[PDB]
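This text opens with one protein chain seen in two forms, each one given by itself as structure tokens under the names structure 1 and structure 2.
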Structure 1
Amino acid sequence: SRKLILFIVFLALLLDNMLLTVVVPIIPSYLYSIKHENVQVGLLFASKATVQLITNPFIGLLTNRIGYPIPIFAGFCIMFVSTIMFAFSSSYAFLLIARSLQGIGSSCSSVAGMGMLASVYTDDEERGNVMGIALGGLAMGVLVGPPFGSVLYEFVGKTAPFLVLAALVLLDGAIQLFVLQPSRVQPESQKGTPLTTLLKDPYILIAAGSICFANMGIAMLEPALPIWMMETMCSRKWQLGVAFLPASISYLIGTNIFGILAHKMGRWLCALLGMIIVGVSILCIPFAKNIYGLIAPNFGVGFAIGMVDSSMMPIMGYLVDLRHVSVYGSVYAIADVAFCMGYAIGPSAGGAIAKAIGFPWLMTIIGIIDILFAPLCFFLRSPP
């Protein structure tokens, strides 16, 4: 009964993303009110991803020395403290500290859970099958975070969403203490193929680069689209929110379908087609004149990104099993880093380029870069 571990990682990802998307609208308003009663806000937004990026390799090295369960339970304890600090703290320094601890706990959870999933489901097809479901938790959390936070802030109070999240985190921790049972410290068997040797591999580099560019696309699209919308179409407030919902729905559908469908078609071909489709959709985005023109390209973007992730997350596993020692916590530490890249320099770099040249040229450059990198996935094909 290893489905409990899958449920644990699914819940961890879901709750992490729920907190991430719940905290996003509340912080700018009351922070500005307290200042009354650009650089710092960008620093606050990027601190979580920066700290996660910095602490990924250390978790990758520590899971080899002590194992997965102790790092996972620490992810529950840091995320519980971050959720209670977010609920009770109202100053800038305490906010920065909470967002940074959230980053540390999210690094622990992501790296250790992906390593444990890869080590428990050692079959090649089942690995992708379960990683698709686990990646679906991110989409579910992003989808259900904003409405949950909005209603709970609307009716009960400001601290109510955070207290409810804390109760759910406690339930998750109780389940973890029942099944995971992190009582003693157990070392792993063999060595870990140090990061310096793994970073010289061109195939791992190609997979990581594909993930990084595919995610940086949406990471720079998401905060730069409403600014263009309000100036071109003069859209209303709710239309700014409902326009990016097709991306979140299509990501869920595409992940859950292609986690199973990528093995039969070919992981390299699925990644190549995902790159081509996301590039074409980003290129067609600037031509839209009203919300209905934007519905379809967003669906294409989400579908393609789901394809790419659900094909390239299980391959990072297959490449170390094939060319290195079968220890996963340090290779997934690389993969997670790719994600953090998109979340670290995404919004800031996207803003400056858009002010300097314009938004259609930014989208054209993203699309051209994705289209040109797509042939590189041809080298990822299995030799037989």
Structure 2
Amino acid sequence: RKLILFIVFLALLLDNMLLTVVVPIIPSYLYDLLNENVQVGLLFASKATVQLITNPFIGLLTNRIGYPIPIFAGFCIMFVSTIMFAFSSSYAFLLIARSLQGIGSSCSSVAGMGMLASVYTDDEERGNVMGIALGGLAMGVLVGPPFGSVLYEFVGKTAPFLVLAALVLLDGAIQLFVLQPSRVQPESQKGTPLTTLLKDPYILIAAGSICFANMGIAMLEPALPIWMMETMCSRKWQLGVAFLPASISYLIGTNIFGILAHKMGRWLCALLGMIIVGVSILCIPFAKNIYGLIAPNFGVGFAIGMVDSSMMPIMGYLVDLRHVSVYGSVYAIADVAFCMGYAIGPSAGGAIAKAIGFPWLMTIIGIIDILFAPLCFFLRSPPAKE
């Protein structure tokens, strides 16, 4: 059980490190405080809209053949994408590699959380373990951009991707020796169909709380001033620094609240997280400086980690309670909810910021987050099966 948790942690860590190592490199491929960028928006939306599409199939797939094979396929796709990045001399193949990374993320984020849920059947154990696993995502996002900047400038253009490929090969060897995916291992019972789970209001509440928490940051990041050419020409260090606050805060929030959400109550933890997300992004329109975004980014990361640590275990809890205890489809739903913000926001936020304005966009997103929060009260005591 320890080694499965370590494998999931490492998979998410390297996934989100490959996700973000490209940040210092992106400006070289395309060359008010917040202005939306189409070409950055496409880089954000490609992986997310391929992972969202892939997610339901992985939920259905893990029922047929079990979890280890999709996890190993996620590793394979991650390695192939990492190799393709190191030799992508064009923007369109950057998009292609992002789509491949989306497929791999779908695999290793649906089947890894499903295996965590199935291996840790205790509710409190599952909460703690999933908090650690999401801390892995936070660590990957933390490490990515600075590693990319250091190796890109002081070693060479291809060095960060080759080193990351070596790390991914180590991850694959660990998965080979632990999971041994050579044999098809179907689930012990047929899971509840996806259409029936989507008709459950409480799973909808949890998925909505997961989804709306990510909307504001999903619409903020493609609009950051760091993509402007003055950063590439003079201010390069901001490309590495800009994602540190949210990563640190998300890491701390997930680590503490994986433990704390069970004692406090995951409904109350998610409600407070949603309120804090709504309030912290309402403070973004106040910023007239890039340094003004540091505190709202820290608050947003902390509260998003809080919401995730509250809501990821209850996805397994709700199927253990009201449905058949098979975890692939509920985490397909949860990952669809997570990816929907980064899939839609880079386009919808740009259109809305053109229509009414970006400060009003962030204001409305925060207001929506605040208004959604009372719905978490329904998760306090859901009824069981008949």
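Take the two forms, superpose them, and find the largest set of C-alpha atoms that agree within 1.5 Å; that set is the rigid core. Numbering runs along the sequence of structure 1, starting at 1.
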Rigid-core superposed between structure 1 and structure 2, candidates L180, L198, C284, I133; the one over the 2 Å C-alpha cutoff or at it is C284
| Once everything's superposed on the core, is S110 shifted 2 Å or more at the Cα between structure 1 and structure 2? | no
Practice item. Compare the position of the CA of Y318 between structure 1 and structure 2 after a rigid core fit and state whether the shift reaches 2 Å. Key: no
With a threshold of 2 Å on the C-alpha, tell me if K355 counts as moved between structure 1 and structure 2 once the core is superposed. yes
Between-form comparison on the rigid core puts the Cα shift of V327 between structure 1 and structure 2, in Å, at 0.2
Aligning on the rigid core, one finds that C234 shifts at its CA between structure 1 and structure 2, in Å, by 15.4
Expressed in angstrom, the C-alpha movement of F76 between structure 1 and structure 2 on a rigid core superposition is 1.0
